[PDB]
Amino acid sequence: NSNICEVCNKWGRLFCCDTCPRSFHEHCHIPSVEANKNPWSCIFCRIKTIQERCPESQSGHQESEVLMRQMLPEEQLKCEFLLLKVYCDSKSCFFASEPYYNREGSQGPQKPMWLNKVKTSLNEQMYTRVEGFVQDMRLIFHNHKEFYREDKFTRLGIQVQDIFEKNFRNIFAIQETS
Ligand SMILES: [Zn+2]
Ligand SMILES: [Zn+2]
Ligand SMILES: [Zn+2]
């Protein structure tokens, strides 16, 4: 197994996957690494299994159809993995914890949002459709772009949104377009 966490790239108290060489901090993995279970298979492995059991699940889909899906176990897992893929980027640090807004010439957003809030919401089964999760994720970046206006710091929102969107299209097998 790897000797660093797949998500944050640090050593520490790591839990190792039995079916692949990845390792994780307990609360870096999503869902948090399960207490017992030997063998244990990480989220990367669980997602690959879904694909392998239903190869057709990789044919192209329309985003509008994906968003209206109910949050049954497989879609729950897919959103957990998509959230984890965002945390895998170091620039996620800016969007992880609760933000505050006090900048001359800007007013904070009406509905603040952050990664750890989305994480809690998924853990607590608060989303009934994929759309709920995707809306909160996209709101994180939209709030940031609107608040930071012409400051160059707005680019961090564009960057992390791009990671989100590329991974959304991969995980949910969105039909490729120009
Ligand atoms: Zn970690
Ligand atoms: Zn694995
Ligand atoms: Zn099948």
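Residues numbered from 1 in each chain as written, not as in the entry; some residues may be left out. Chains lettered and ligands numbered in written order. Heavy atoms only, no water. Residues with missing side-chain atoms left out of burial classes, pairs and counts.

Header annotation of the entry names X-ray crystallography as the structure determination method and lists the resolution as 1.6200 Å.

Draft legend 1. Quick peek at the packing of helix α3 (residues 73–87) against helix α5 (residues 115–123). The N-to-C vectors of α3 and α5 enclose an angle of 160°; their axes lie 11 Å apart at closest approach. Between α3 and α5, the angle is such that the two are roughly antiparallel. Where α3 crosses over α5, the handedness of that crossing is left-handed. Here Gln76, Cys79, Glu80, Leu83, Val86 and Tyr87 of α3 come into contact with α5, specifically with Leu115, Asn116, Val118, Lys119 and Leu122. (Axes fitted to C-alpha atoms, helices over the stretch in contact; angles between N-to-C directions. Helix = DSSP H or I, 4+ residues; strand = E, 2+ residues; numbered from the N terminus. Parallel < 35°, antiparallel > 145°, perpendicular 65-115°, else oblique. Left-handed = near helix turned anticlockwise from the far one by under 90°. Contact = heavy atoms within 4.5 Å.)

Draft legend 2. Spatial organisation of the pattern of salt bridges. All chains considered together, the criterion is met by eight salt bridges. Measuring nitrogen to oxygen at the nearest pair gives 3.2 Å for the salt bridge that ties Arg22 to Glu6. A residue pair is termed long-range when its members are at least 10 positions apart, and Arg22 in the loop between β1 (14–16) and β2 (23–25) and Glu6 in the segment before β1 qualify at 16 residues. Here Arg22 falls in the partly exposed class, since its relative accessible area comes to 24%. Across the pair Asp136 and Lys111 runs a salt bridge whose closest N-O atoms are separated by 4.0 Å. Of this pair, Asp136 sits in helix α6 (residues 130–148) while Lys111 is found in the loop between α4 (93–96) and α5, placing the two residues 25 residues apart along the sequence. By relative accessible area, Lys111 is classed as partly exposed at 48%. Here the residues in one salt-bridge network are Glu63, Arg138 and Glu165, joined through shared partners. (Salt bridge = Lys/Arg side-chain N within 4 Å of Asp/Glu carboxyl O. Buried < 20%, exposed > 50% of the residue type's maximum accessible area, 1.4 Å probe, protein only.)

Draft legend 3. Focus on the domain arrangement of the chain. Domain annotation of the chain identifies domain 1 (1–59) and domain 2 (60–178). Computed from C-alpha coordinates alone, the two centres of domain 1 and domain 2 are separated by 21 Å. Approximately 1400 Å² of surface area, both sides summed, lies buried where domain 1 meets domain 2, with 74% of it carried by carbon and sulfur atoms. Counting across the interface, domain 1 meets domain 2 through zero salt bridges. Along the contact surface separating domain 1 from domain 2 lie two residue pairs in polar contact. At five residues, the largest contribution of residues to the side of domain 1 that touches domain 2 is made by helix α1 (residues 43–53). Along the lines of polarity and charge, the residues of the side of domain 1 that touches domain 2 split into nine nonpolar, five polar and two charged. (Domains from an automatic or database assignment. Buried area = accessible area lost by both parts, 1.4 Å probe. Polar contact = N/O pair within 3.5 Å; in protein donor to acceptor, adjacent residues only side chain to side chain. Nonpolar A, V, L, I, M, F, W, Y, C, P; charged D, E, K, R; others polar.)

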